[PDB]
There are 2 protein chains.
Amino acid sequence: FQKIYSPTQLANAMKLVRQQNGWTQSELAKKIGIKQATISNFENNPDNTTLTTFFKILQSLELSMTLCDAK
Amino acid sequence: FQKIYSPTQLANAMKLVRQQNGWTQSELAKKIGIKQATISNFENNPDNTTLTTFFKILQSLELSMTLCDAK
DNA sequence: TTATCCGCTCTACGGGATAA
DNA sequence: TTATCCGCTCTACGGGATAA
């Protein structure tokens with residue numbers, strides 16, 4: 001887990017976690033009451049994705065987040 | 001820096017960093033080409049805030065973020 | 001200094017759903 | 001399986017700006 005500085009870097013990182021665990025977009029979506037299309041749009045077009053969607057997808061991936069220095 | 005699980009927890013944490021450094025919303029806003037109103041709305045109503053706004057405010061606070069296990 | 005307002009445009013996200 | 005579509009409503013975020 002490296003430091004993340006943009007929505008694109010964030011989406012790429014979270015997509016990788018999903019793929020490394022063999023999870024489909026539908027699995028996660030159904031687990032958190034979100035559309036599959038919303039996850040697809042987050043992974044490919046995260047710039048305008050809301051924080052709510054982000055944190056729900058975080059939960060489905062069994063992940064959390066912390067702040068840190070930009071170094 | 002604790003683990004964060006929601007937009008509200010995120011906004012509270014980042015607001016605290018701003019206050020601990022004596023920064024005003026206008027200072028940060030001008031540094032990243034964002035409206036002051038956008039920062040105010042993020043700190044008080046973060047649920048629908050876009051990821052772009054979030055990462056821009058992150059930069060102004062000289063912060064970054066990492067993913068981690070939800071434990 | 002910050003919460004809050006106006007009027008505008010754009011898009012996310014829900015509801016549907018599909019191709020291959 | 002996932003990118004992508006339709007039509008809808010809501011709101012964020014830019015442009016203005018204010019009170020105290």
Side-chain angles (χ1 to χ4, degrees), chain A residues 1-70, chain B residues 1-70:
Chain A
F1 287 143
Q2 313 282 349
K3 295 186 177 181
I4 296 173
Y5 299 82
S6 74
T8 295
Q9 294 180 17
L10 182 61
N12 295 345
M14 294 177 61
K15 176 177 177 175
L16 200 67
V17 171
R18 176 178 69 83
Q19 291 178 330
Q20 281 177 340
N21 291 272
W23 292 327
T24 66
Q25 296 182 350
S26 293
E27 282 184 75
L28 305 181
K30 189 169 123 184
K31 193 191 306 180
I32 57 182
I34 296 294
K35 286 188 59 179
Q36 171 269 321
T38 304
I39 295 190
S40 174
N41 293 330
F42 161 74
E43 292 188 345
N44 298 283
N45 194 231
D47 283 345
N48 297 322
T49 295
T50 63
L51 291 178
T52 293
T53 295
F54 160 60
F55 277 99
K56 287 180 175 177
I57 300 179
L58 264 191
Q59 188 209 12
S60 70
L61 293 173
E62 303 174 358
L63 294 178
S64 186
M65 66 138 292
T66 64
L67 299 173
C68 60
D69 301 319
Chain B
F1 287 143
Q2 313 282 349
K3 295 186 177 181
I4 296 173
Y5 299 82
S6 74
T8 295
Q9 294 180 17
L10 182 61
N12 295 345
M14 294 177 61
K15 176 177 177 175
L16 200 67
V17 171
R18 176 178 69 83
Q19 291 178 330
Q20 281 177 340
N21 291 272
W23 292 327
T24 66
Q25 296 182 350
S26 293
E27 282 184 75
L28 305 181
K30 189 169 123 184
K31 193 191 306 180
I32 57 182
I34 296 294
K35 286 188 59 179
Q36 171 269 321
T38 304
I39 295 190
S40 174
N41 293 330
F42 161 74
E43 292 188 345
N44 298 283
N45 194 231
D47 283 345
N48 297 322
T49 295
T50 63
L51 291 178
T52 293
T53 295
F54 160 60
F55 277 99
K56 287 180 175 177
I57 300 179
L58 264 191
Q59 188 209 12
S60 70
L61 293 173
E62 303 174 358
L63 294 178
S64 186
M65 66 138 292
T66 64
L67 299 173
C68 60
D69 301 319

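So you know, we letter chains A, B, ... as the sequences are listed, proteins then strands, and number each from 1. We use all heavy atoms of the structure for the numbers below, so side chains are in, but hydrogens, waters and symmetry mates are not.
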Sidechain-backbone polar pair: [X] side chain, [Y] backbone, donor-acceptor under 3.5 Å:
X	Y	result
A/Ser60	A/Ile57	yes
A/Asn45	A/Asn41	no
A/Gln9	A/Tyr5	yes
A/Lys3	A/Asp69	yes
A/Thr52	B/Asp47	yes

Residues in side chain to side chain donor-acceptor pair (under 3.5 Å) with A/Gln36, at least two apart? A/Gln25
Considering non-hydrogen atoms only, spot the tightest contact between [X] and [Y] and give its length.
X	Y	value
A/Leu51	B/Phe54	CD2-CB, 3.9 Å
B/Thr66	A/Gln2	CG2-O, 3.4 Å
A/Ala11	A/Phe42	CB-O, 3.5 Å
B/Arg18	B/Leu28	CD-CD1, 3.6 Å

Counting only heavy atoms not in B/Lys30, do more than 12 sit closer than 6.0 Å to its NZ atom? no
Check step by step if side chain to side chain contact (heavy atoms under 4.5 Å, CB included) holds for A/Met14 and A/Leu58. CA-CA 8 Å; A/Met14 294 177 61; A/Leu58 264 191; 3.7 Å; yes
Would you mind classifying the nucleic acid contact of B/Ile39 as base, sugar-phosphate or nothing, using non-hydrogen atoms under 4.0 angstrom?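 Result for B/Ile39 = nothing.
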Near-strand residues of [range], defined as heavy-atom separation under 4.0 angstrom from DNA chain C:
range	result
residues 17-24 of chain B	B/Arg18, B/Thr24
residues 40-58 of chain B	B/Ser40, B/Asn41, B/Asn44
residues 5-13 of chain B	none

Treat a base pair as Watson-Crick or G-U wobble with both distances under 3.5 Å, then lay out DNA chain C in dot-bracket form, 5' to 3', with | for cross-strand pairs. ||||||..|..|..||||||
Under-3.5 Å N/O pairs linking protein and nucleotides 16-20 of chain C:
{"residue": "C/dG16", "atom": "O6", "partner": "A/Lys35", "partner atom": "NZ", "Å": "3.2"}

